[PDB]
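Chains as they are written, first to last, in the authors' numbering: chain A, 1 to 174; chain P, 1 to 9.
Shown next, in structure tokens, is the structure this report addresses.
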Amino acid sequence: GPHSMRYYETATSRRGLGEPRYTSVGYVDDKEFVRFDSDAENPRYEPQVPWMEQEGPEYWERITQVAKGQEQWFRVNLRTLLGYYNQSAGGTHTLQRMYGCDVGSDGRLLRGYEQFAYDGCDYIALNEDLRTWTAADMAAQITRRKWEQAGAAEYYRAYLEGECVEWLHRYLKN
Amino acid sequence: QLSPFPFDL
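The following block contains the structure:
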């Protein structure tokens with residue numbers, strides 16, 4: 001039958017000194033299976049369920065590398081949004097991202113997700129057609145404009161269409 | 001596996 005995989009990433013800037021608080025959590029069907037936390041004693045990806053401990057050590061290392069990579073991405077783009085919305089340098093803000101795939105019974109992609117939110121408001125999201133973007137406001141249109149010119153929709157669609165579906169298949173087997 | 005790094009906003 002149908003299956004799904006979702007990843008939720010959130011970065012929250014803090015007043016005062018200190019980098020943003022970043023968190024990443026993944027879900028299979030609707031069960032948390034992986035999690036990363038920047039404010040952890042040992043920041044790294046870790047299994048949340050027994051059937052995830054069967055992944056090689058190198059699996060969790062390179063995947064934790066993506067975390068650090070994603071974390072820096074959220075750091076740089078939190079600053080970009082402060083300028084787009086002309087916000088005071090003194091405040092807390094949260095940039096969020098959700099991405100994933102739903103797979104039908106035939107094993108093929110049923111629906112793909114790639115959407116971002118800023119301070120609890122939708123910013124930009126990949127439409128179900130996986131070809132166009134919905135830009136909530138004028139600031140989002142700056143991003144959408146540059147993403148249409150760079151063919152970002154196809155880029156993300158490639159992942160959702162292949163890797164997302166393939167890894168969901170693997171996880172379900174284990 | 002995780003998706004590739006997204007383009008910049």
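For every residue, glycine included, the Cβ atom is placed at its ideal position computed from N, Cα and C.
Count the CB pairs spanning the stretch 125-135 of chain A and the stretch 1-9 of chain P that are closer than 8 Å, and state whether there are at least three.
No, the stretch 125-135 of chain A does not touch the stretch 1-9 of chain P.
I want to verify the contact list: residues of chain P whose CB lies under 9 Å from the CB of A136/A, in sequence order.
Using a Cβ-Cβ cut-off of 9 Å, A136/A is close to nothing in chain P; its nearest Cβ partner there is about 13 Å away.
To which residues does DSSP link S4/A through a beta bridge?
Answer is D102/A, bridged to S4/A.
Near-chain P residues of the stretch 145-173 of chain A - C-beta to any C-beta below 8 Å:
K146, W147, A150, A152, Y155, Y156, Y159, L160, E163, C164, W167
Please look up how many angstroms separate the CB atoms of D102/A and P2/A, rounded, as I've assumed it's under 8 Å.
Their Cβ separation, rounded to whole angstroms, is 7 Å, which keeps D102/A and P2/A in contact under 8 Å.
Residues within the stretch 12-39 of chain A neighbouring chain P, beta-carbon criterion of under 9 Å:
Within the stretch 12-39 of chain A, the residues whose Cβ lies closer than 9 Å to some Cβ of chain P are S24, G26, listed in chain order.
Across which residues does DSSP place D122/A in a beta bridge pair?
According to DSSP, which records beta bridges pairwise, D122/A is partnered with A117/A.
Tell me which residue opens and which closes the beta strand (DSSP E) that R21/A is part of.
21-28
DSSP beta-bridge partners for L82/A?
Note: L82/A sits in no beta bridge, so no partner.
If distances are taken between C-alpha atoms only, which option among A40/A, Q65/A, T80/A, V34/A comes closest to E53/A?
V34/A
Compile a chain-ordered list of the residues in the stretch 71-100 of chain A whose CB is closer than 8 Å to at least one CB of chain P.
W73, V76, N77, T80, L81, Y84, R97, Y99
Enumerate in chain order the residues of its own chain whose CB-to-CB distance from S4/A is below 6 Å, with the five nearest sequence positions on each side excluded.
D29, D102
For the alpha helix (DSSP H) containing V165/A, list its first residue and its last residue.
165-173
With DSSP collapsed to three states, give me the class of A11/A.
strand
I'd like to know if the stretch 83-92 of chain A and the stretch 57-67 of chain A are in contact, where contact means that at least 3 CB-CB pairs between them fall below 8 Å.
Below 8 Å, too few C-beta pairs join the stretch 83-92 of chain A and the stretch 57-67 of chain A to call them touching: fewer than three.
DSSP beta-bridge partners of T132/A
Per DSSP, none; premise fails for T132/A.
Determine, using beta carbons only, whether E161/A and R97/A come nearer to each other than 9 Å.
No, these two residues do not count as a Cβ contact at 9 Å.
DSSP-derived helix/strand/coil call for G69/A
helix
Straight-line CA distance for residue 176/A to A40/A?
Look at the range of chain A in this structure, 1 to 174, and you will see that residue 176/A is not part of it.
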